[PDB]
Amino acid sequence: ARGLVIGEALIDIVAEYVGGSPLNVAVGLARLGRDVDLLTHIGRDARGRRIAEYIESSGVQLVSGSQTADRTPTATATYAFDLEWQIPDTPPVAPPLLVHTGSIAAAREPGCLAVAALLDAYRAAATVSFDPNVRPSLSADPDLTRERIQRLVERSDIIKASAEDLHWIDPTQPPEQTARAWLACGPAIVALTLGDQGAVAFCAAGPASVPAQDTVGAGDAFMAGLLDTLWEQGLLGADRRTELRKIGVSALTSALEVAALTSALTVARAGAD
């Protein structure tokens, strides 16, 4: 039972910190006690070394070819990105239970093509999960990225997005309307965070909600808590795809609760220091 996460690790330059939404999920899952493979695109520079030791000291196995970048991608704080996203297209691990992607990795050439291939490869074995995590401050035109998000929605079992992500995707529609249009395209679960208004999620059986409980990584800790509780309910792996789609409102409500409490806990432990 191993999980594969594909996406960007980077340095958040405000003082410097280790980040990347796909990395936060990898380390969130690991810290909750899952076996996680994290194939990223970092450098062999000081920043790349700090990332690799942050990944190492967290229990996430860094997949080979993840350290081939010219320079380690950075985000300087309304962010400014100096980043390339490119990955080896060869399936690097034995078929996982779960393959998760999103953020810059899902939408940025040339890695976004490899990512979508690898998703197409591992789908017969793995639950596919994906989070929009729209970082619009990136240097890339809006149409290709909206279209690539819509194509990853069509290939996904589990989706998490923010009201902010879905407002960017389509400002003309309430985020619930967009999430419901996403559920109708194939996913078992579309989870939607609503900030100070809580979270909602949608499956065939009905809507689930958790009431209201603004800091970096809260969304990725939510996703990690969601995939971790769905793992624990025995609904991950392609073997269990039919049972994921059939998840009850009660089970969905529980998962949401856990994901929301896991996100709050991560924020409250960070604000304690």
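Note that residue numbering begins at 1 and tracks the sequence as displayed.
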Inset, instruction - Might you work out how many residues are unmodelled in the deposited sequence between residue 14 and residue 15, and answer none, 1 to 3, 4 to 9, or 10 or more? - result: 4 to 9
Legend entry - Extent of unmodelled deposited sequence, residue 69 relative to residue 68: none
Inset, instruction - Pick between 89-97 and 124-132: the one whose mean CA B-factor in the entry is higher. - result: 89-97
Inset, instruction - Would you tell me which stretch averages the higher CA B-factor in the PDB entry, 15-23 or 253-261? - result: 15-23
Inset, instruction - Go through 181, 166, 106, 140 one by one and give the residue whose Cα B-factor in the PDB entry is largest. - result: 140
Inset, instruction - For the C-alpha B-factor as written in the entry, point me to the maximum among 29, 210, 52, 38. - result: 52
Legend entry - CA B-factor ranking of residue 4, expressed as a third of its chain: middle
Legend entry - Third assignment of residue 173 from its chain's C-alpha B-factors: middle
Legend entry - Lowest, middle or highest third - CA B-factor, residue 223: lowest
Inset, instruction - Consider only the C-alpha atoms of the modelled residues in this chain, order them by B-factor as the entry records it, and name the third containing residue 237: lowest, middle or highest. - result: middle
Legend entry - CA B-factor placement of residue 33, once the chain's modelled residues are sorted into thirds: lowest
